[PDB]
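Read through the structure below, which is laid out as structure tokens, and then see the notes.
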Amino acid sequence: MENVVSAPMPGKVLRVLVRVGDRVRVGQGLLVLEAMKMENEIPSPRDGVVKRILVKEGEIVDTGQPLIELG
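So the sequence shown is residues 68 to 138, counted in our numbering.
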């Protein structure tokens, strides 16, 4: 049971697609992570509510780094 969206690889947080409190669906893109001339939509692992967004747009993140917590 997944509660935290973490970075699958290092990247730059290009865009955060949802806000705290928003309802989300499994497989929905929640943010866009840029890496190696590619824009990766990072999905919600489950239906739920966005509780916390732990990064800002522009931020560089490393592998496994927490990005979003679901409530």
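Just so it is clear, CB atoms sit at the ideal spot from N, CA and C, and this is done for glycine as well.
Under a three-way DSSP split, which group does residue 133 fall into? The three-state secondary structure of residue 133, taken from DSSP, is strand.
What does the alpha-carbon distance come out to for the pair residue 77 and residue 130? Across the structure, residue 77 and residue 130 are spaced so that their CA atoms are roughly 5 Å apart.
Among residues of its own chain, excluding the 5 on either side of residue 126, which ones have a beta-carbon nearer than 8 Å to its beta-carbon? 79 and 80, listed in sequence order.
Can the beta-carbon of residue 110 be found less than 7 Å from the beta-carbon of residue 88? no
Grab the span of the beta strand (DSSP E) containing residue 78 for me, first residue to last. Here the beta strand (DSSP E) through residue 78 covers 78 to 83.
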